[PDB]
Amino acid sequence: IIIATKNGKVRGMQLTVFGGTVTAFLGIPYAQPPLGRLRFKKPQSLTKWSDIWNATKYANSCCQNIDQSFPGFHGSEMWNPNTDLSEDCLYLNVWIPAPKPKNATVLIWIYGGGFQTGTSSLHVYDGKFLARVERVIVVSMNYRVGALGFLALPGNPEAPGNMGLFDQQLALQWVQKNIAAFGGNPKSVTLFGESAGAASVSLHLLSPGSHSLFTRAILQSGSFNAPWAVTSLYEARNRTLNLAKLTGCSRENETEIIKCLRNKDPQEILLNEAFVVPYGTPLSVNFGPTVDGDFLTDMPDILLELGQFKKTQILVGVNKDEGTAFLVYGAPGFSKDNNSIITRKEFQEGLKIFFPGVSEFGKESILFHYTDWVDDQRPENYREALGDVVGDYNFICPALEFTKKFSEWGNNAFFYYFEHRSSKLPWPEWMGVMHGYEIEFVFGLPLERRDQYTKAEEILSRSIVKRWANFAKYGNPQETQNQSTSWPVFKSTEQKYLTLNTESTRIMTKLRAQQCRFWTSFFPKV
C-alpha cells in the first residue's frame, strides 16, 4: 500500500471498481515547483524527500483561463479544471491494478486544451476503469499551459519555450525510473492524448530527447502538422513583448524583461494572454509549441517529410464532427440553443472569424469548394458546411496527412473514424459527434452501468478499450475474442480506416479525400 520510489516514499488509496480493487496514487510531484525564479523555464530535478508522501488526492491544476461562455452548462464546464489552480502543479497520477501486477504495459495520458487549458484531474480522464478491465497501469500528468508554459524567447534559458512539453517529458522520465516499483514495464509504454495532447504525442515522436521514454503512440483528434499546433518564432516573440508592453515590462535586455514578468502575479499574466493576438480565433493557440532548438530541433513538417522521428506503431483517428464545437464560440448565427440555421452571408462572416489574416480570394476558395452542394435548397447547407470547413482544416486533414507521411517510412499505422454521438452529450444534436466526446469511451466510462449510458455504448466502449489496450501491449489494436471486424494497417496507397460506432464497424478507404486535397495541396498556397 506504500511504494518506495527513487526519490521518496508515496502512499496511495484503494478503490472498488466492478467488484475489484484498483490502487490509485493521485498527485505525485515530478519536479521542483516552477515558482519564483523558476517561473517560465524548464522543469528542474525534484530533490529527495524524507516523509511518506500522501498521494491520495488530485493535486493543483496549472494556472489557466477558464471557459466562462456557458456558466452552469455541463457541456462547457466538464472541461474546466476541478482542482485549485496554482503555479505549483507539476504532479502526476498512477493507477495500478490490484493485486499489484508484475510486468504491466503502462499507458501515459496527455490532456488537450489548445495548449492553454486542461488538467489531468478531469472526470473523463479517470484511469481506474482501464486499470481494472485491462490491468494496464495508467499515468497522467499536469503540464504548464498558456504563457506560463510556452512563452518563448528562443535561445534564452530564462524563457526558451516548450516548457510544458519539457514538463511532459520529465514525467515520462519519472515513469522510466519509478514505474517498475509499481509493477509496470518501462519497456512497454504507450503515450496517448487528445487534440492538443495528441499534437504533443506526435511532437514527442519528433523530439530526440523523448525517443527513449516510450514505445508506441496514440493520437486522438490531433497532430503537430495542424495549423494551430506549432507557433512560429516570428509571431512567438511578437506575442511575448505584446505581453510585456501590456504588463509594462517592456525593456530591451530580454533577460531583464523576464525578471519583470516574474514579479507579476499569475492572474495578470492570464488576463493579458487573450489580447496578445490582434484578431483571435476560437482555436487560437496564443502560447504554444515552438521550434526552440532544444525539444524541437527543426520545423516539424520538415522532420515529418524527411522521416526524422521515432519508428514505431501509431494509432491515429478523428471524430465525424470535429468542427461544430467551435462554431458557438464566436461564429455569427450559431448557438447551442437553436438549430443554428445560417445563411450564405452568415457563412462568409464565419470564414473571416476562422481565417482572419487570409486573403479575400482565400476565403472565396473555401466557399467555392464547400458551397457547391450535393444539392441546394436544404436549410442546413451553410451550417453543416462551416462545421466541416473547421473540422477538415483543423483536425481531420492534418491527422490523415500525418498518418500517410508517417506510414510511408514503413511503420504500422492504424486510423479510425469515430462516428458515435454520446447519448449523454449535453450539447444539441446538430453539433453531431463533437470534438472531444470519444474520450469517455476510451477511458471506459460507459462500462459503469450506473452511469446512464446505453447497452450499445457499453459494448462499443468495451471493444475500444480492448483495441486500445491491445495496441499498447502488442502493437496491434485488434479484438480477437469476439467475432469483430479486424482493423487493417493504414498504407499510403490504399488508405484503409475503421469506423467506430454502435451499429457496425465498417472498413472504408480514403477518408475525406476531395476535401483534404483542397486543404493540403491548394489551400497552403494562399
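In case it trips you up, residue 1 is the first one in the sequence shown, and so on. We call the rigid core whatever largest set of C-alpha positions still superposes within 1.5 Å between the two forms.
The higher RMS C-alpha distance to the shown form in 9 other deposited structures of this protein, out of 279-287 and 183-191, belongs to 279-287, with every structure fitted on the core. Stretch 43-51 is the one, of 56-64 and 43-51, whose CA positions lie farther from the shown form in 9 other deposited structures of this protein once all structures are superposed by the rigid core. Residue 429, present in the displayed chain, carries coordinates in each of the other PDB entries compared that cover both sides of it, far from a third leaving it out. Per the compared records, residue 376 is unresolved in at least a third of the other entries whose models span it. Legend: mean Cα B-factor per stretch from the PDB entry, 248-256 versus 85-93; the higher mean is in 248-256.
Comparing 271-279 with 103-111, the higher mean C-alpha B-factor in the PDB entry belongs to 271-279. Residue-level inspection of the entry shows that, of 144, 352, 216, 310, 352 has the top Cα B-factor.
Residues shown: 387, 436, 149, 154. Highest C-alpha temperature factor in the entry: 154. Annotation for residue 507: C-alpha temperature factor in the middle third relative to the rest of the modelled chain, per the entry.
In the deposited entry, the Cα temperature factor of residue 379 sits in the top third of values across the chain's modelled residues. Residue 41: CA B factor in the middle third of modelled residues in this chain (values from the PDB entry). For residue 419, the recorded CA B-factor ranks within the middle third of the chain. Only modelled residues enter the ranking. Ranked by Cα temperature factor within the chain, residue 22 sits in the highest third according to the deposited record.
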